[PDB]
Amino acid sequence: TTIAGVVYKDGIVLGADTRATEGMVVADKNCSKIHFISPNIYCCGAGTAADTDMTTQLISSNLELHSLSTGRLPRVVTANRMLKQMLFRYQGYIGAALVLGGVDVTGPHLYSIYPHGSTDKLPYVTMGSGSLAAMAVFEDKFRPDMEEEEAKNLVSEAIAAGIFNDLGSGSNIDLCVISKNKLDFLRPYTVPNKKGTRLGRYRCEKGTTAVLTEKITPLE
Amino acid sequence: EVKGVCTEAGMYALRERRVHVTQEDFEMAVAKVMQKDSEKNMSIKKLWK
Amino acid sequence: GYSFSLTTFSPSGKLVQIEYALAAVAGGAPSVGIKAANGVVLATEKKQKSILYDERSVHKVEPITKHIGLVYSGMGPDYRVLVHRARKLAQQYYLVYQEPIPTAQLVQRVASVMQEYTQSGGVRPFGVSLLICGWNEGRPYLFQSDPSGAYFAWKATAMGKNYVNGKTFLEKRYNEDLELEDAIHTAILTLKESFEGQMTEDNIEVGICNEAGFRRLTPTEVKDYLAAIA
Amino acid sequence: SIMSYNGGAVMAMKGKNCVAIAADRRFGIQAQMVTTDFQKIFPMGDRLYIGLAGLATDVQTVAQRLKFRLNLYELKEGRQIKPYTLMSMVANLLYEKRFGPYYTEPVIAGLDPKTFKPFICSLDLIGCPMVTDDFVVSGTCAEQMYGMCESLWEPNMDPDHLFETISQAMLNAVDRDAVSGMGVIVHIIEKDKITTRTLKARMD
Amino acid sequence: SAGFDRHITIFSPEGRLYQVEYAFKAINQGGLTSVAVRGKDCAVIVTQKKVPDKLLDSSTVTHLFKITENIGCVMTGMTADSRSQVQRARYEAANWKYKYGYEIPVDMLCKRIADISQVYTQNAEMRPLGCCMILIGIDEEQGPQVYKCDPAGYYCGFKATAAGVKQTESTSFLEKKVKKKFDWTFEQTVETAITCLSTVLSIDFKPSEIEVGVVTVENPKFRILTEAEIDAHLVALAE
Amino acid sequence: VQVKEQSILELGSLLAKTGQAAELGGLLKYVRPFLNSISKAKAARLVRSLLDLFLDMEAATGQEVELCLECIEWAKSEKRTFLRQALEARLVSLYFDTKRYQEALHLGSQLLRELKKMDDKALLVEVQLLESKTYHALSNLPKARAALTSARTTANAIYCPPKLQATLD
Amino acid sequence: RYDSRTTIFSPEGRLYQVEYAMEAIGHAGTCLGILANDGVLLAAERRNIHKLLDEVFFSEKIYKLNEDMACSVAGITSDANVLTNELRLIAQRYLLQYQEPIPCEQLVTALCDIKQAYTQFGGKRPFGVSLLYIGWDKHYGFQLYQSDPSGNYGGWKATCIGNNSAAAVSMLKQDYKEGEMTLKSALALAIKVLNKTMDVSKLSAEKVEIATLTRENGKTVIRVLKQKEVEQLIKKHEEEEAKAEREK
């Protein structure tokens, strides 16, 4: 698990990977780790998978309740206050590591949330198991107020450093670009890893398995 | 109210300066005499289904 | 009269205080709703008592989800309660089933909310009837609740004051198959039946359902729609 | 562990216009079997099944609680349930016992009620949904089942070869397991009919 | 005629209820009138005071109440019900900042006030607080606003505002006033806010008998005018 | 193919505006199996528009009333009830244009044996009002009064008489 | 007087609020079930069939409740939706507990104990709803039951509703069958009874409703039969009137 975010001169680029493991066995080769919050705010999830999923759906339901009652666009600082106040009440039992990012009237805002309830406003963050590898790419190559394709090149470089570290991915590098007006979301942005071809004949025969009892039930 | 049919059917001939009374005069007089309560808004009906 | 209360019957008929609550519905602002072949059109009447009232402050056509809208005819202060009830109730379906709630499902539940205030014995019922629209699974829908707790499924109807003139209008008017653009044309033409003198872009307020979701109309289109189109 | 107290193996596999599901038959305490007719696949409406594996208490418990909520759903609405809708229903039921959790891992397989589109997914013991396009497996002998399905699966398969692939995947993997076996039942469903077959396996 | 529902809060035959609309004439025992005016980028509250005693103080009389640093209000009706209404307004303005992390809009606050006044009509067994509230505030990308909350649970935002005893006479003056397209350059606002109250009450007041609260988009803090500069605007209109 | 199909309607409009009748009346004789090619319900607007632009041209009445009778006998053998009743209502209007004396009344009586028995309503208001013209044209005042009064109570149940109201008024 | 809450008793001595609710159902719809060997049926009436409605559910009086039972309804509609959502929730609680369907009698007594309990605890109305029961079980087969506002019930072989259609019970005895109780013999009896009680003549198909329940291969299908085959059932009875006048 390797997630990262950055703030360029106009918006926020998020990045993640596509592997969920159970033990030391790859359970999923294509998992979505970038979650919807609002039409300007997205959130990357890390930690316990079911804890991050059920948390990111509740707060996204409250902001849809909030903004439709209010009648205007939500704020990133509102989603910051809801998450750190909920997670503090569970005393860190819910294991959720989140990267919160969005563009408000006041501009872009990027946060990092720890499962005990501590939040940090930063221009660039990494979370997850391979966060140590992705952070070294940032500090070597971050400069303030980058352009669009310059910032997209930095994140896909930083995520790929964690992929070629352990607990990487069956790689489909994801990107979510949030700007002041345009919103992008790219699942197959980069496929660096391919599965090799199968060079053997595995001809399953029509009748090579003994059957004790058959049963037919039609439908309509 | 059979009389009310008989008076209003013959009344149609009076406004025509006519003494002849047809079957069409009665069939228009049936809808005139017979009416209904015409219970509107239907919410009273479906509170009480 | 026996009535005076809600927890007892009359010796002959039914509950009288619920019938008196329907009298406040008929003394409200008029409204209309027409179900067309590709969408449902809601339209209501909205006049201020003076030239001082800001018209763009409080709205009548009110969205519930991205495909469900709702109007009323009664008292606006009681209207804001069950709107906020229906918002939070619509999210509870989506947290469980992860799917936008169908329009026949809220009316099971919103009418059960208006049910509960008709119980004993120190509370009052609502004085608001509703009209609920939406386009779920291709076919669009148009329902109507009441303070008693029952509900319907209309082709076209009209509530508020002078509804009997709008009903005999729509009985002579509404056919089976028209588009949404012809539906708004006969939805303002039935609002002109019982409205007051001037009808500007701020006297009416109109929302629609497409299959592309629920939307309410800004006064730029509504000025251009009422511009000489009857 | 607690998952290794009774054993079990549930496999689902997606075909061209059809979907198959299979499970074992052995019921038993840690080293002592009891019977060979323990049901682990339960019908939840037509053309849509579910498989359970793990602790034998929570297999019979959750399959009754889910049946409790399904019949109340299919009466408030005249329609049947969509396969995406059941996955959200099961994930709600497991997450309510967040700290008292049921020890099972469900596998859902079925077709679309309107179209012919198949659907497979599996969940964790606390309700993490995970949809795939080829196969899902659950039970104690999970690592043996990944070794068979990664080599034998083909994308577009008729119901003839899909039955023969899931047969050889279940027989060769469960015979490597010790606490699973004693018979394998296979359900293969499609738009027109439902076929149930039992296989000739090692009874040791 | 009715007669019927004139003790408790139930319906009448056709179709209203009387205990809520007896609170509308419960404002008028204050013997007072308040005027709010929004013309352009500023906003003005004006309200007279009535001091009937020399032993009575001056500082503890003012009906201008500061809710938050950018939101002020004025209260009419009876006195004791007015201050408990303000205590809920000060309380829920701070809950918005705590729950949601930013300053509450003036539009959102009257929803939270009128919904509390709504339950007392729907559910019985509490007297429904016979007072009226007028708000002002500055909103980003919306300009200044003037809102009014009612004892029934109704609210509506509107430009020129009167309350107290003399609504129908002051609003009749302001309909004829706000019909010409004159600009409102922060002293066109105040001078009309004075002379409307000055002719409807027919007082043309001496400088020490009123209060004026103000807010402007150059300093969005709520501000109560000094007695010296009240005299400066009074000598401005009568040149 | 279809670009020629609407070109028949386009050239037929040129046959009407430039003022030639045997070529346009020959076109109305030509498109009669071509009427068996498109939407049969909305074909009545196509029959109406080609008949109206034919009759608005010039008094060549040897082809006017005769090609009307050709279309009547066609609908005896094609059996579209709404079209043939629409053609008779134009025909009795054509009878009034020259004051054809009793067969306008004889046709209108045979329409009222049909129309008030049917379910369509807006064609009744036309034939009730057009008889009230010709009873007044034959100087019978009280019978034209009764035909007008029956037209009033019929005209109270229509979506829009958007132009027929002023014709009635 | 004694027209207060349900508590109290009247002198001499009875319960006036219960009697007011039991007379209210006569001014409501009309429902009836008939005898049948190897089946059972229900019949209902479409009230206020005005031409600006949709009927998106196509089942209004009838509510299929467990798997092999349904019910009619008659009374206050506000209380009708409360009972049906409660009654379906009883049958699934039993099914969760024993893994066997509810045997069609103690489902009725479970509701009748709820409907009674609002007559003794103050201050509530009683339920102003009577309703029918159809079903099949392992022990007795096809059954009929009749609810009351007081919580009283009773089994039947043919029954109906009161002040609307209380004269139908006299017709059910005069045209009674016993033994020869096939479904087609009973459907012909159903359209004849609804002919007189529904005072609108000629019995248009949009004013009625017929629901059946049979036993087929151990499945107990439940049919809400469509409007097309109502038509050929009505015209059969219209033909039998022209055949019956041959004695005249």
# chains A, B, ... in the order shown; residues from 1 in each chain; ligands from 1
$ closest_atom_pairs --of "chain F" --to "chain C" --cutoff "12 Å" --atoms "only C-alpha atoms" --output "JSON lines"
{"residue": "F:121", "atom": "CA", "partner": "C:172", "partner_atom": "CA", "distance": 11.5}
{"residue": "F:155", "atom": "CA", "partner": "C:172", "partner_atom": "CA", "distance": 11.1}
{"residue": "F:156", "atom": "CA", "partner": "C:172", "partner_atom": "CA", "distance": 9.0}
{"residue": "F:157", "atom": "CA", "partner": "C:172", "partner_atom": "CA", "distance": 6.0}
{"residue": "F:158", "atom": "CA", "partner": "C:172", "partner_atom": "CA", "distance": 5.9}
{"residue": "F:159", "atom": "CA", "partner": "C:173", "partner_atom": "CA", "distance": 4.7}
{"residue": "F:160", "atom": "CA", "partner": "C:173", "partner_atom": "CA", "distance": 8.0}
{"residue": "F:161", "atom": "CA", "partner": "C:173", "partner_atom": "CA", "distance": 11.5}
{"residue": "F:162", "atom": "CA", "partner": "C:230", "partner_atom": "CA", "distance": 10.7}
$ residues_around --residues "residue 138 in chain A" --least-positions-apart "4" --cutoff "7 Å" --atoms "only C-alpha atoms" --output "list in words"
residues 134, 142 and 158 of chain A
$ write_last_selection --atoms "N, CA and C atoms" --output "CSV table (one decimal), in the first residue's frame"
chain,number,residue,atom,x,y,z
A,134,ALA,N,8.2,6.4,-1.2
A,134,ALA,CA,7.6,7.4,-2.0
A,134,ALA,C,8.0,8.8,-1.5
A,142,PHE,N,10.8,17.7,-5.2
A,142,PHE,CA,9.7,18.7,-5.1
A,142,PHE,C,10.2,20.1,-5.2
A,158,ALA,N,6.7,8.7,-7.9
A,158,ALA,CA,6.9,8.4,-6.5
A,158,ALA,C,6.1,7.1,-6.1
$ closest_atom_pairs --of "chain B" --to "chain C" --cutoff "10 Å" --atoms "only C-alpha atoms" --output "Markdown table"
| residue | atom | partner | partner_atom | distance |
| --- | --- | --- | --- | --- |
| B:40 | CA | C:164 | CA | 7.5 |
| B:41 | CA | C:164 | CA | 7.7 |
| B:43 | CA | C:146 | CA | 7.7 |
| B:44 | CA | C:19 | CA | 7.6 |
| B:46 | CA | C:150 | CA | 7.1 |
| B:47 | CA | C:148 | CA | 6.6 |
| B:48 | CA | C:14 | CA | 8.0 |
| B:49 | CA | C:150 | CA | 9.8 |
$ closest_atom_pairs --of "chain B" --to "chain F" --cutoff "12 Å" --atoms "only C-alpha atoms" --output "Markdown table"
| residue | atom | partner | partner_atom | distance |
| --- | --- | --- | --- | --- |
| B:12 | CA | F:146 | CA | 10.4 |
| B:13 | CA | F:146 | CA | 11.0 |
| B:15 | CA | F:146 | CA | 9.7 |
| B:16 | CA | F:142 | CA | 7.1 |
| B:17 | CA | F:142 | CA | 8.8 |
| B:18 | CA | F:142 | CA | 10.5 |
| B:28 | CA | F:150 | CA | 11.0 |
$ select_by_dssp --residues "chain B" --states "helix (DSSP H, G or I)" --output "NGL selection string"
:B and (2-14 or 23-33 or 43-47)
$ decode --residues "range 2-14 of chain A" --atoms "N, CA, C and O atoms" --output "PDB file, in the first residue's frame"
ATOM      1  N   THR A   2       0.699   2.079  -1.028  1.00  0.00           N
ATOM      2  CA  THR A   2       1.461   3.316  -1.163  1.00  0.00           C
ATOM      3  C   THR A   2       0.544   4.377  -1.750  1.00  0.00           C
ATOM      4  O   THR A   2       0.140   4.274  -2.912  1.00  0.00           O
ATOM      5  N   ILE A   3       0.214   5.386  -0.953  1.00  0.00           N
ATOM      6  CA  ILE A   3      -0.593   6.508  -1.409  1.00  0.00           C
ATOM      7  C   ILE A   3       0.192   7.791  -1.182  1.00  0.00           C
ATOM      8  O   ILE A   3       1.045   7.870  -0.292  1.00  0.00           O
ATOM      9  N   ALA A   4      -0.091   8.795  -2.007  1.00  0.00           N
ATOM     10  CA  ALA A   4       0.650  10.047  -1.957  1.00  0.00           C
ATOM     11  C   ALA A   4      -0.204  11.162  -2.537  1.00  0.00           C
ATOM     12  O   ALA A   4      -1.149  10.918  -3.291  1.00  0.00           O
ATOM     13  N   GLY A   5       0.149  12.391  -2.176  1.00  0.00           N
ATOM     14  CA  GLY A   5      -0.539  13.562  -2.686  1.00  0.00           C
ATOM     15  C   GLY A   5       0.414  14.733  -2.776  1.00  0.00           C
ATOM     16  O   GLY A   5       1.483  14.739  -2.157  1.00  0.00           O
ATOM     17  N   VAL A   6       0.011  15.734  -3.557  1.00  0.00           N
ATOM     18  CA  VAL A   6       0.850  16.901  -3.806  1.00  0.00           C
ATOM     19  C   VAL A   6      -0.076  18.060  -4.153  1.00  0.00           C
ATOM     20  O   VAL A   6      -1.235  17.859  -4.519  1.00  0.00           O
ATOM     21  N   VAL A   7       0.422  19.282  -3.996  1.00  0.00           N
ATOM     22  CA  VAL A   7      -0.313  20.493  -4.341  1.00  0.00           C
ATOM     23  C   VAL A   7       0.528  21.266  -5.344  1.00  0.00           C
ATOM     24  O   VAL A   7       1.610  21.761  -5.004  1.00  0.00           O
ATOM     25  N   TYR A   8       0.045  21.368  -6.575  1.00  0.00           N
ATOM     26  CA  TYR A   8       0.721  22.165  -7.583  1.00  0.00           C
ATOM     27  C   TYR A   8       0.089  23.554  -7.628  1.00  0.00           C
ATOM     28  O   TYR A   8      -0.689  23.933  -6.748  1.00  0.00           O
ATOM     29  N   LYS A   9       0.441  24.329  -8.658  1.00  0.00           N
ATOM     30  CA  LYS A   9       0.093  25.747  -8.716  1.00  0.00           C
ATOM     31  C   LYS A   9      -1.400  26.002  -8.882  1.00  0.00           C
ATOM     32  O   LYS A   9      -1.852  27.120  -8.613  1.00  0.00           O
ATOM     33  N   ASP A  10      -2.179  25.007  -9.307  1.00  0.00           N
ATOM     34  CA  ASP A  10      -3.609  25.193  -9.492  1.00  0.00           C
ATOM     35  C   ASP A  10      -4.476  24.204  -8.733  1.00  0.00           C
ATOM     36  O   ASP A  10      -5.646  24.513  -8.483  1.00  0.00           O
ATOM     37  N   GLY A  11      -3.964  23.046  -8.364  1.00  0.00           N
ATOM     38  CA  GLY A  11      -4.775  22.054  -7.690  1.00  0.00           C
ATOM     39  C   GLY A  11      -3.993  20.978  -6.979  1.00  0.00           C
ATOM     40  O   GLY A  11      -2.877  21.205  -6.505  1.00  0.00           O
ATOM     41  N   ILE A  12      -4.590  19.789  -6.909  1.00  0.00           N
ATOM     42  CA  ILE A  12      -4.084  18.671  -6.122  1.00  0.00           C
ATOM     43  C   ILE A  12      -4.109  17.417  -6.986  1.00  0.00           C
ATOM     44  O   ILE A  12      -5.123  17.123  -7.628  1.00  0.00           O
ATOM     45  N   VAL A  13      -2.997  16.685  -7.004  1.00  0.00           N
ATOM     46  CA  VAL A  13      -2.901  15.393  -7.674  1.00  0.00           C
ATOM     47  C   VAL A  13      -2.739  14.321  -6.606  1.00  0.00           C
ATOM     48  O   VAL A  13      -1.850  14.417  -5.751  1.00  0.00           O
ATOM     49  N   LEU A  14      -3.599  13.308  -6.647  1.00  0.00           N
ATOM     50  CA  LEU A  14      -3.521  12.169  -5.747  1.00  0.00           C
ATOM     51  C   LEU A  14      -3.078  10.927  -6.508  1.00  0.00           C
ATOM     52  O   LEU A  14      -3.278  10.810  -7.718  1.00  0.00           O
TER      53      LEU A  14
END
